[PDB]
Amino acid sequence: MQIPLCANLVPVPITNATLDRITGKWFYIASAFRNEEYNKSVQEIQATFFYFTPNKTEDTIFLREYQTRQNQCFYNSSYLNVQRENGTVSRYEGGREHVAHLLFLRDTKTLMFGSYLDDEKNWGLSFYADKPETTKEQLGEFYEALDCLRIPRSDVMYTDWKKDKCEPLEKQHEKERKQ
């Protein structure tokens, strides 16, 4: 395995410090995959921001996702399961449990999810940050991770924060949960 090139693609067991690190609000920035299904489906996502509340005693994360797709907001919450040893996270989408490797970069205000990382025919990365806009410093780290997987930068699908439809609903939820 080529290092430093692939340094950040390397899984490590998930600790409580790591769970704390990913706690809070995240914005989905960019992704790329060799999997063709994810290429056509992720292409429809205009924005997404979500909340992670990990439960360190249960190895779960409570997710509250706010996805913008088809000119509308789609809200869903669920309990993700954490597989500490394998450095992975899992959730149910469309009936089936799906797994993602939890990965990181130099900047702690960012994180990645790795999909099908064992399979060079299907692998991909999704890129997340604490703001909907990222710096060239932050981007560089993600683009490097794509270089590791030999995925062209041209294959990246990007969000556009101005197209978000979920902010007004998140606003409504804040009102409800703080009442």
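Start at 1 with the first residue shown and count on from there. Here, rigid core means the biggest group of C-alpha atoms that superpose within 1.5 Å across both forms.
- Greater root mean square CA deviation, 87 to 95 compared with 100 to 108 in 4 other deposited structures of this protein, core aligned: Once the cores are fitted, 87 to 95 deviates more in 4 other deposited structures of this protein.
- Query: Core fit done; bigger CA RMS in 4 other deposited structures of this protein for 37 to 45 or for 146 to 154?
  - Reply: Clearly, after the core fit, the stretch farther away in 4 other deposited structures of this protein is 37 to 45.
- Which wins on mean Cα temperature factor, 103 to 111 or 72 to 80? Mean C-alpha B-factor is greater for 72 to 80.
- Item | Per the entry, higher mean C-alpha B factor between 118 to 126 and 138 to 146 | Here the higher of the two C-alpha B-factor means belongs to 118 to 126.
- Query: Taking the values straight from the PDB record, which of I61, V42, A30, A47 has the highest C-alpha temperature factor?
  - Reply: Reading the PDB entry, the winner on C-alpha B-factor is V42.
- Query: Is the Cα B-factor recorded for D155 in the lowest, middle or highest third of its chain?
  - Reply: Ranked within chain, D155 CA B lands in the lowest tercile.
- Ranked by Cα temperature factor within the chain, is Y66 in the lowest third, the middle third or the highest third? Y66: CA B-factor falls in the middle third of its chain.
- If you rank every modelled residue in this chain by C-alpha B factor, which third holds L169: lowest, middle or highest? Highest third, going by the recorded CA B-factors of the chain.
- Pull the Cα B-factor of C6 out of the PDB entry and bin it into the chain's lowest, middle or highest third. As the PDB entry reports it, the C-alpha B-factor of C6 lands in the lowest third of its chain.
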